[PDB]
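As numbered in full-length UniProt numbering, residues 258 to 390, 399 to 422, 431, 433 to 453, 469 to 512 make up the first sequence, in order. We put the beta carbon where it would ideally sit given N, CA and C, even for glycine.
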Amino acid sequence: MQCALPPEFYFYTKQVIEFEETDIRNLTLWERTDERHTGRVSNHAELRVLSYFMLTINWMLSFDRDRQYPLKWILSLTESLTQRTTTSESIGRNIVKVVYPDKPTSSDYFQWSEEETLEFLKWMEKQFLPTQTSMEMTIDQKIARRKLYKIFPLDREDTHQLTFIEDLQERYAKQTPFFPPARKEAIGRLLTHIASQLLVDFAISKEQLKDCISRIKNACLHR
DNA sequence: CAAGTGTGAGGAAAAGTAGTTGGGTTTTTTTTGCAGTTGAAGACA
């Protein structure tokens, strides 16, 4: 649902997980890494789930010999996605993007699709107040402050936006139209995007991620 | 190709403390009325 809600890909990936994903068994939380060096053994189950997820899309997409997923279909799932409002979710992911980390969302900072800009300032005027309350200062430093806020007073000197499954539905429809080198490029095009998404919620490692990716890649070819 | 010990540092933050100044008391060790009187210069036998 996160994006290319391609209903079939749920058990596609569930199946590869079925496959070599811990001998077709639900990944359990890793162990009590007692050692202080905290080696990257990648046993963090999810990290591998996302890895299988990505892989699945690439493989399945790479070899859909029957041509079940049309050339022009893959990029459509990309055009529809590349941003949009969010019945709360995407607005959230913007708020997380704003930890201004490795500059994958930094520019989103810059762009910030109009309103996204607006509902952002809304969430700042509501949840940033959870900000603070100078002490003593003869009331002085404080009063002055109060006056200043008295000054710019402001805060106002479809209910419009939509929910999550609404947005999800409408892009599933926006791809409503289902029934060589370029598609390979498009596929890589799309995978980078999800890499952005899944990586962005998490500790990324613009390569550990792929280090992780690399790992199971290796794991897999022991058929 | 690959997994596994040993381990040095980089980093964060509130309050304190620095430097540079000033403030700041502190703290501090032009006669206008009167009447008399003395001493004086001057003078004398």
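Since residue i and residue j are thought to touch, with beta carbons under 8 angstroms apart, how far apart are those beta carbons, to the nearest angstrom?
i: residue 347; j: residue 341; result: 7 angstroms
i: residue 305; j: residue 501; result: 7 angstroms
i: residue 476; j: residue 315; result: 7 angstroms
i: residue 478; j: residue 335; result: 6 angstroms
Which value, in whole angstroms, describes the spacing of the CA atoms of residue i and residue j?
i: residue 321; j: residue 303; result: 26 angstroms
i: residue 436; j: residue 352; result: 18 angstroms
i: residue 485; j: residue 474; result: 17 angstroms
i: residue 377; j: residue 406; result: 30 angstroms
i: residue 450; j: residue 511; result: 39 angstroms
i: residue 471; j: residue 480; result: 14 angstroms
i: residue 438; j: residue 269; result: 24 angstroms
i: residue 264; j: residue 504; result: 27 angstroms
i: residue 365; j: residue 390; result: 31 angstroms
i: residue 266; j: residue 290; result: 33 angstroms
i: residue 259; j: residue 421; result: 35 angstroms
i: residue 280; j: residue 507; result: 15 angstroms
i: residue 399; j: residue 344; result: 38 angstroms
i: residue 381; j: residue 313; result: 39 angstroms
i: residue 387; j: residue 327; result: 49 angstroms
i: residue 295; j: residue 374; result: 40 angstroms
How is the alpha helix (DSSP H) around residue i delimited, first residue to last?
i: residue 312; result: 302-319
i: residue 353; result: 346-354
i: residue 382; result: 372-384
i: residue 405; result: 405-416
i: residue 330; result: 328-338
i: residue 266; result: 265-277
i: residue 491; result: Note, residue 491: premise wrong, no alpha helix (DSSP H); not H, not E.
i: residue 502; result: 499-509
i: residue 443; result: 438-448
Given that a residue counts as buried once 16 or more other Cβ atoms are within 10 Å of its Cβ, and exposed if not, what is residue i?
i: residue 356; result: exposed
i: residue 309; result: buried
i: residue 285; result: exposed
i: residue 354; result: buried
i: residue 278; result: buried
i: residue 311; result: buried
i: residue 261; result: buried
i: residue 287; result: exposed
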